[PDB]
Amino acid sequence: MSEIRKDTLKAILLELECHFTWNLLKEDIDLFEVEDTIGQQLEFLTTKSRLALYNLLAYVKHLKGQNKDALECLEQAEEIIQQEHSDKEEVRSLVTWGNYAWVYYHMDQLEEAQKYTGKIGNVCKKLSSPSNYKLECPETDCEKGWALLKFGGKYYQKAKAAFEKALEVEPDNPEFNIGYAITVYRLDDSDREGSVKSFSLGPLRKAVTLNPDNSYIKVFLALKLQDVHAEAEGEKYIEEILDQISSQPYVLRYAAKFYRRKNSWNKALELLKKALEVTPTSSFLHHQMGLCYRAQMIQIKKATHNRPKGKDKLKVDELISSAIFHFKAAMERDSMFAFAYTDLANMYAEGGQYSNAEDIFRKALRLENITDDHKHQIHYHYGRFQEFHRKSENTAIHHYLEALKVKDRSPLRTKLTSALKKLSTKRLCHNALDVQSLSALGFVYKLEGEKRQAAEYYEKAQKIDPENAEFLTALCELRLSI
């Protein structure tokens, strides 16, 4: 192909609606985890669109440099279109064809790619689309919403908008409602400024009504009810679900979360183990197992006033070892699972395995592509490890400051500001010229809206370090604020 036809083709490729134009970046996920879990949903979450799953898996295989394997996934998608979408064959094929075009493009099979853009263009014309090479429709909006969700927390607002676009056309579509309600449910937990939210409660009730046979959507309703102090109602739903299904890991794992949150740890462990028989490598399941063992360990520690002896001490050590095992497995199976790192590191710290804790915290601090909320929490946990285990007040202060710089409204805000005030005040009693502590107080007072007091701290810090760029900038901000 002449490289002028090439430029034209590249332009068309960008106009398509498919995974390659949805800004799904590989660095935001663990590709092995995503590939593996897509396979596990194909087998074990049988209510989710198989067509969507294969289109997504094809994209993921491409991201792993396996273009030949991506093609095979798209072939399976085509088979499903014959199987499950025969009446609307052409329109249901658009996303698959888009991915074919992009994959063949990447394999330098330009003529083959053009064949696919041609098919797309023909169908869009046939169906009176206002665009040349796309036909926006609710089913595609839904598929896009799920693809966005799979790429993680940075994409949740975009996924919500995609499901909203689908619901604009079909407000009572059962599939669209599930996607939307689950997105709002995750957003209730995402980027919290304070208490957990419950905007998803209404959407979940509707999605459950619209999908009576679906235990997967119902388990989120139960969890949300638990969040809003209707634990009794939530638990009845859990019981009904467990009467209706067995061994479905995507349902059992959330029932296990439910039971754990009311401290029924043995029941949670029973459910998690049943799920592990089906999917023994799931990082989600492993994390949940560790959470159970950790909770049981904490109960013994509290009961024995943090001084367990004899068999209590033996059990505590077994539980710590088991929590480490499972948190380590979770992290190893999902490199982007922020909480797996901090939970593992914190458990290493609890067991006094400080070199191990440091190793994990170091990796966690270097995760560049997780959400700012997760970065914030990593700094908080490392700060606490520094303060209480390493007894390094200056390193603690440093990381508490980093936590607030990344996110200054969170449920950790007041824990962070109070720790900083406490540590900085103590250090200033010993050395009135301690620049880090002066600077820290300036930062916290500025955050609290105490402009004058903040200025005074920064001015003392600047007196000591007159050319400091950070202090000059802080003082300028304080002067120009209205």
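In case it trips you up, residue 1 is the first one in the sequence shown, and so on.
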Task: Segment of higher mean CA temperature factor, 217-225 or 70-78 - done: 70-78
Task: Mean Cα B-factor comparison, 282-290 or 115-123, giving the higher one as deposited - done: 115-123
Task: Among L344, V208, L404, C137 - the residue whose C-alpha B-factor is largest in the record - done: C137
- [ ] Just grab whichever of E277, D372, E358, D141 has the top CA B-factor as deposited.
- [x] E277
Open item on the list: Ranking every modelled residue in this chain by its Cα temperature factor as given in the entry, which third contains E89?
Closed with: highest
TODO: Grab the CA temperature factor for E240 from the record and place it in the lowest, middle or highest third of its chain.
DONE: highest
Task: Where the record places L16 (Cα B-factor, split into thirds across the chain) - done: middle
- [ ] Place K273 in the lowest, middle or highest third of its chain's C-alpha B-factors, as listed in the PDB entry.
- [x] middle
Open item on the list: Based on the deposited C-alpha B factors for this chain, I'd like to know if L53 is in the lowest, middle or highest third.
Closed with: lowest
